[PDB]
Amino acid sequence: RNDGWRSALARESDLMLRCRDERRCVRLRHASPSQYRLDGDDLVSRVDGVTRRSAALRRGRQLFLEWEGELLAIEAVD
Amino acid sequence: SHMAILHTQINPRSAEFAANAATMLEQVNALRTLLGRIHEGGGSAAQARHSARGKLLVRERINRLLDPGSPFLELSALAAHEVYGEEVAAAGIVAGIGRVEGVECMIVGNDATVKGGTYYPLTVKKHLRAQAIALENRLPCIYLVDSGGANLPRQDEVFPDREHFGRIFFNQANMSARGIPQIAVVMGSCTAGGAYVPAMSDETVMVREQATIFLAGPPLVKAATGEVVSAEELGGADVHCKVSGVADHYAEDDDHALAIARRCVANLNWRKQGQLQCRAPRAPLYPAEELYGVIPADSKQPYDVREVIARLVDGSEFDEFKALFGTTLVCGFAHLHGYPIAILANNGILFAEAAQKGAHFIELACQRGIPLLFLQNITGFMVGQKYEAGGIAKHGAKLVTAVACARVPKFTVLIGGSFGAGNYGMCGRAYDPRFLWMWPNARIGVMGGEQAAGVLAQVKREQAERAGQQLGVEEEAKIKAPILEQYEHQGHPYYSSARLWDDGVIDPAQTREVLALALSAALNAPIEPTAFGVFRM
Amino acid sequence: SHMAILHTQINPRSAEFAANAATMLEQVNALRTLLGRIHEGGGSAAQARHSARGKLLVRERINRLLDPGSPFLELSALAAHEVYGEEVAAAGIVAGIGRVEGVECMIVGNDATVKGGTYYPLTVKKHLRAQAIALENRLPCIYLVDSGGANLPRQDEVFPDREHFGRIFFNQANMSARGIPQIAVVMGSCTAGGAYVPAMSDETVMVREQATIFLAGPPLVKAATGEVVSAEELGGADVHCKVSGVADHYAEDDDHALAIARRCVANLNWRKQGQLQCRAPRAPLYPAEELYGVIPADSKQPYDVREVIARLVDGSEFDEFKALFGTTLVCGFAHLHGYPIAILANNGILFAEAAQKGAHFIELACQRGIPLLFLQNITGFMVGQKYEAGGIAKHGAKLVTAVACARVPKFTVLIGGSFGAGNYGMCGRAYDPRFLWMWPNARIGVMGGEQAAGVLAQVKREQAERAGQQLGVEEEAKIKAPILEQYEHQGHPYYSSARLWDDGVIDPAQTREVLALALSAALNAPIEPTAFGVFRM
Amino acid sequence: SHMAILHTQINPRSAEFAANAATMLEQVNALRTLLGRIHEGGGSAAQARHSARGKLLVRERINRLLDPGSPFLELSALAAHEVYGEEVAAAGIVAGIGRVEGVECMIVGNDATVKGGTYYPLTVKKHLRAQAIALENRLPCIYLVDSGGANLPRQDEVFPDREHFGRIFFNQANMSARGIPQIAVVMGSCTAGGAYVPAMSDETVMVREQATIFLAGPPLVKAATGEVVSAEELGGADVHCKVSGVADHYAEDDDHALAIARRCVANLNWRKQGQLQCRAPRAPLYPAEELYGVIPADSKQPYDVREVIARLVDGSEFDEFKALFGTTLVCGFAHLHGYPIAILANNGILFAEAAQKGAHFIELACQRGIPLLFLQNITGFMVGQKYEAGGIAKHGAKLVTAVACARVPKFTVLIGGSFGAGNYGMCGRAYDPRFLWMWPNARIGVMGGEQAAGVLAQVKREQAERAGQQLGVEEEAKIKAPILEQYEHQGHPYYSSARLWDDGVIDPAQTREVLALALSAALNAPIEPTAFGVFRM
Ligand SMILES: CC(C)(COP(=O)(O)OP(=O)(O)OC[C@H]1O[C@@H](n2cnc3c(N)ncnc32)[C@H](O)[C@@H]1OP(=O)(O)O)[C@@H](O)C(=O)NCCC(=O)NCCS
Ligand SMILES: CC(C)(COP(=O)(O)OP(=O)(O)OC[C@H]1O[C@@H](n2cnc3c(N)ncnc32)[C@H](O)[C@@H]1OP(=O)(O)O)[C@@H](O)C(=O)NCCC(=O)NCCS
Ligand SMILES: CC(C)(COP(=O)(O)OP(=O)(O)OC[C@H]1O[C@@H](n2cnc3c(N)ncnc32)[C@H](O)[C@@H]1OP(=O)(O)O)[C@@H](O)C(=O)NCCC(=O)NCCS
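Chains as they are written, first to last, in the working numbering: chain E, 1 to 78; chain W, 1 to 537; chain F, 1 to 537; chain R, 1 to 537.
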């Protein structure tokens, strides 16, 4: 279970990603296990009572996320 | 199996409930907040002065090296809390268990920011307790070396004795012999002592223009027959990768270095040796946070432990052995996240019957190679005159041999009080449980505060009575004053976990989560048959 | 074999000789008379108040128990010397090896006279270190029980942790399972803790109207649910011999008790397990007392170690391996009182050559199952810019993998200096030598006195230099002066031996006789085949 | 793991590439066509006079017995090439491994067409080399018996000695005892010698009116106490299936006989005991064809080995150990068709650090139970005065110890030059690699052509020098001429595979797939733990 589980603090997951042409080391520290879950090719977001589902799915070392019309791709830094 | 079910008796909405739950969740928040303080390291101060040098911080090196999003079970974080004069966060060394290329691994790295990463007494004890867990459960090891030396001022508790530094190398080469890979990544200085950590390791990695492995750094080397040389020329990264051979992989920086290490763990051709009849993982039947309010707030207040069990086992299914006999000790089989486990939890005192019941259980557990789970909340054995003439002695001994001799993986969690003989009969620190943990509410002591201030002041007035007088409430009260408070302080989780008397303090509501992680991780190594000593019947 | 002979090069009549021998024998007589002090126990005072009870004194019970005229190898006599506030002779427990019914046995009895026999932290470390020597060397056990409980004021370092009390019971039940008889003779009070020592032992003996085994003595039992009862009614000698069953033999008193004990060791069907090809024992070629003058008096004065070798081996015959290579470490085969031994004695510094030389040698003996003997007189590894870039690091490391892994009996004697990495590469405390001893002229520390003051004060003026300052002759002389002496004191044999970092300080002149005894004793247990870790070539 | 990739530096379109790739491909076609000639057996001549008797030809029998389209790895096909006076096709015995009822089997059959199927010295050598691969990799054996006797004229090298005929029976009864089924299919004469192959075999099959198993055929039997009897009556198919019991299955003809055979392998209850952490197979990143041009045409012309590596490993991912140290030898981990492997490939000379590098690698490999892959292209050990004084002698020794003792599966392939000490330090024929192969371009010999003529002739004028004379360029040149040509002749693959110094010459661009077949096949046998000898430090 890659939930970033930790002893007493909150789930920690440090991700060295890269979308477009700008890399970012994402720090994922959620104490409230919610936020974004995802089944099939779809990312569901519980944005304060107002749930919305944006398409996203991965292929190889690349993950496509339809963000605002655009269909950007994100991959891992090496 | 709709009968091996545990139907709760607790009302989650009850006032008394939220009562206990109140101060329980409060203690947990006390821990949550200190731990955070401990992640500070040598403090924002030098912590920044660290990233200055282009060096990733220790806890970061850790998260970069772990599998994407993998869990991480930390080890004694409260290490050396308020122990030495100064503040040496998590003892200047972080270490724990996490996935690296799909292998449950033991990771240990020093905090260059904490008093120069030098080895304080408890640092050495911590570093060794990591290699126990690693040898005991067969987990490959990655040491992220970046330390000064040994804390010179307190060398007498760091250098000599068996249990001191240097047993670090002993354990290392033994593990390497037992086939438990030994990897090293030097990301800083590594003078004298720590110089062997990289030299004695199957595979070794160095960051160029950062790492340095030399037996005697420039300070000590100029102190030799003169000679004045730089650190990188003395024992640099380039010296030990192209010339000497004390290193094996030439890293460009901390990030490279860590990804280089992953790859070594990658071709380990590693396979787990443990082996139980684990079954489909099914969750509890009651939210595991309900616990916060299950444990009373009045330390000396009785509660039914079967309540804490129903919130940990799978489907709160628990078949009880010797159901109604020596009830002060609850015994039963269950499964936890698939893995089948034999539980032993305290329900009060501990008369002779509870020990016989407990011994006979361990026997069953040991014969079927089912792992052991001890839930400590014992106050001691029932005293008295017919109780002693009844063998409470010998019988309590029967439970102790059984525990000490039991060779399947054992696990203890302190959920109440570890006091006296109890701590030993229930798999305490000294009986080598794979891992042993503590709740924020539990207290450990040789005996209660006044209980010991009782005897201690007592004989003081008996040696002074068969001497022609007695102890007046004046001097007797001044003899119990100190004890009463000393005990209240040396019984608290922080005081314990600081000295590694346990592998840490945990969130009562995460208990189950830790246990599964632990279990799984100890299956990296084989469940051995068990051989008992002689049982004094 | 008239060539394997070591012809001496020292003159017993020289003045420089009587010089060293003088100051040497002065040190031995210093130890001699300290030891006599410690054989006093809790001072004539209490000691006599002891015999008053009709109780045989500790050291007496022992000599009574041993076989007529047998030898006795005491362990850590200087135990807890000037360690605790008050005096605690031999840490309230005497322990050692002696023949009982023709079996080399490990014996431990506490000194009820010393602070009521209670267990001070070091008393525990001792009791434990004794059972290690017992496990590792397969010696049956005789526990001559007569203690209060655990020194209550200092419980925090006597109850909890892994190797604290309770680890006693652990070791016992295990040894009982590995077939190493565990006997117990209770000759006094035995409340709470030590209540298990007899409860958990194959055979048990009590003295009537004197022994008492109860989990809670009456101080504790009255503070329980009221009730007031006597000691002998609660858990006397007759309660546990006719009613409970916590004991097995009803002894009339101390003399009887020990005789009952002798008889148990009588029907142990015991057989030794080791096995070497020892030959007829032939004495040295030069009086063993001549050593006194062999050792220079000036600690930093170079001398030839073969001269000490010549006085310990049989017929002073010594076959030298890699005779003229890395001469800094002398290695060779010989015999000692029959038994064949492979020797490793320091002779100076220790550059790479010496380590490879020593690792290759350990290989040879480990392959023939010949015991290893290390003679420490090491100042450290050769520092330098070139010596470092040449692998003095990875080469010193091959030596320790070798030492750490060796599974034949390992034996260590400190006859010079144990400093730094040296101590480890030469089987120091941490490498499990079956026994580790110290000469009175030898000193041990992580590094020399001023050598540590050198660097610890050095960085102080490099942190304060890249800080726009410098440390003046007045602040750097005040950072070094306390360290300069701290080391001088924490380097002395008593300092060492008081903390059990060795199994005692010995008489240079009896080295050979001790080693003879130890070896044989270590042969009650099999010589294991050895498995090496990875060698960093 | 996009870091462990080998990005090529070879341009497949370059002219120089096309040049190498040219004479390389020619070499291969050279082999191609010879191997065809050898397929003819004793030549169309009697080969057709075979089918005459209604007997299926050798290689035909094999394809019928194999599984529908199963692959077949043939062994030493160039067997006995230009060795004996006459032409003795593949030494008159075809052997190889192939799938038979889902089991990797060792198959051996005689070519009745080649000089009456009799055993020439090498027929025996090939036969026995097969039973080796068979015992060493636990592959059940299938003997397709169809041989005359042993070649009467050259019996001196075919009957007596240890590894001569009759050792076939030795390996056989031992294989049946170590539980490796021994199946026999008799499809021709089988007089005297080979009469035991079917007599000593778990299960045996005979072809009626064609098979004949007798100790002395009618020639010999008449030469006995007279008596004249026919083949069919003395020891025919019906005699040993219905009368004696030397055979078990009565087959109606060659096709039936093999079908019966298949069935036996079918009721084997066989299970593989190898065990690796094989991962899913992923093809290389460069056509394995491109190898033809990576290998220079100019024999002693420097190229980078990692290039050949990148075209055989899975996904051309290769993690290199001691990356930049004694680079003369490249060492790394990778996978091949799933199976993980540890590689050691030459890249030049071979200084001291190269062997310490390689010996250290073999320890890590042997510590994880990963197969070893050696790629030879070694010209020898760097000589010199400082070089020799530096231990290039003892360190070289370090390597060979490791290689000679490594017990995991070893695989060798000659892709350059096997010359001198090199061949041994890289698992040459004598170190029992499970399989040893040779590329068309590679040459093997104790040392270069003129190198040997160098010394060999040098001494002649050193003994003739201190003999008052000198070697005139006329005699010296006649001393070296014969050598310079001898060496060139016995350095060639055909000469080598002809005498079984290797299990065959292969197609460089087929290597990858041969290794996969082998590795998998050797997993029929458990990867045993390794025990190293003494390492000369
Ligand atoms: C480790 C070292 C490189 C520090 O490098 P750095 O990153 O610049 O860190 P600093 O020099 O600023 O060290 C700061 C702290 O380290 C402490 N320190 C470093 N080494 C120490 C040691 N061996 N003993 C005690 N304290 C030490 C200093 O007391 C200082 O404390 P302060 O911050 O309260 O003033 C340097 O101290 C060194 O060379 N030490 C060698 C240690 C040694 O030789 N030990 C051998 C014993 S086995
Ligand atoms: C052990 C005992 C029988 C002593 O009998 P005794 O031969 O008469 O000896 P005394 O009672 O005179 O004891 C004298 C010393 O023992 C020391 N002592 C005894 N038990 C002690 C304990 N548990 N902790 C600390 N000190 C203890 C006292 O400090 C006293 O010191 P002092 O001489 O400086 O004043 C008595 O102290 C007793 O009943 N103790 C029980 C111990 C116990 O219950 N411990 C449980 C913890 S595991
Ligand atoms: C084997 C045998 C049945 C051949 O039957 P076949 O199919 O008719 O074959 P042929 O008789 O035509 O033999 C042809 C070749 O076999 C060779 N040959 C057969 N047995 C041979 C032997 N033992 N030694 C040497 N050559 C032999 C002949 O040299 C002949 O060579 P050629 O073709 O170049 O002229 C017959 O040779 C025979 O009975 N041999 C007995 C072998 C024996 O007794 N060996 C005991 C030693 S283990």
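The C-beta atom is built at its ideal place from N, Cα and C for all residues, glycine as well.
Could you give the DSSP three-state label for residue i: helix, strand or coil?
{"i": "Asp-502 (chain R)", "result": "coil"}
{"i": "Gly-179 (chain W)", "result": "coil"}
{"i": "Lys-125 (chain W)", "result": "helix"}
{"i": "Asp-42 (chain E)", "result": "strand"}
{"i": "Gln-210 (chain W)", "result": "coil"}
{"i": "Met-426 (chain W)", "result": "coil"}
{"i": "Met-187 (chain W)", "result": "strand"}
{"i": "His-164 (chain F)", "result": "coil"}
Could you check if residue i belongs to the surroundings of ligand 2, using beta carbon to heavy atom distance under 7 Å?
{"i": "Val-124 (chain F)", "result": "no"}
{"i": "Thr-118 (chain F)", "result": "yes"}
Along the alpha helix (DSSP H) that carries residue i, what are the first and last residues, could you check?
{"i": "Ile-392 (chain W)", "result": "392-405"}
{"i": "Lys-478 (chain F)", "result": "477-489"}
{"i": "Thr-511 (chain R)", "result": "511-521"}
Examine ligand 1 and report whether any of its heavy atoms sits within less than 7 Å of the Cβ of residue i.
{"i": "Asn-151 (chain W)", "result": "yes"}
{"i": "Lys-115 (chain W)", "result": "yes"}
{"i": "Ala-112 (chain W)", "result": "yes"}
Tell me the residue span of the beta strand (DSSP E) that contains residue i.
{"i": "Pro-218 (chain F)", "result": "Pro-218 (chain F) -> not in any beta strand (DSSP E); alpha helix (DSSP H) instead, spanning 218-222."}
{"i": "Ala-345 (chain W)", "result": "339-346"}
{"i": "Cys-19 (chain E)", "result": "11-19"}
{"i": "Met-3 (chain W)", "result": "No beta strand (DSSP E) contains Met-3 (chain W), which DSSP labels as neither H nor E."}
Can residue i be considered in contact with ligand 3, in the sense that its beta carbon sits closer than 7 Å to one or more heavy atoms?
{"i": "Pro-219 (chain R)", "result": "yes"}
Members of the stretch 329-349 of chain W that neighbour chain R once the beta carbon cut-off is set at 8 Å: none
Inter-stretch contact at 8 Å, needing at least 3 Cβ pairs: the stretch 5-17 of chain R / the stretch 364-373 of chain F: no
Three-pair Cβ contact test at 8 Å for the stretch 310-318 of chain W versus the stretch 19-34 of chain F: no
Any 3 or more C-beta pairs closer than 8 Å across the stretch 478-496 of chain R and the stretch 515-528 of chain R: no
At least three beta-carbon pairs within less than 8 Å, the stretch 376-387 of chain F to the stretch 505-514 of chain F: no
Cβ-based contacts, 7 Å cut-off: residues of the stretch 235-264 of chain W near chain R: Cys-241, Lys-242, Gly-245, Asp-248, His-249, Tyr-250, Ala-259 and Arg-263
Selection of the stretch 186-212 of chain W by Cβ proximity to chain R, strictly under 8 Å: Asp-202 and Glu-203
Validate contact between the stretch 236-252 of chain F and the stretch 49-56 of chain F using beta carbons, cut 8 Å, 3 pairs: no
Residues of the stretch 58-83 of chain R with Cβ closer than 9 Å to any Cβ of chain W, in chain order: none
Validate contact between the stretch 320-330 of chain F and the stretch 285-302 of chain F using beta carbons, cut 8 Å, 3 pairs: no
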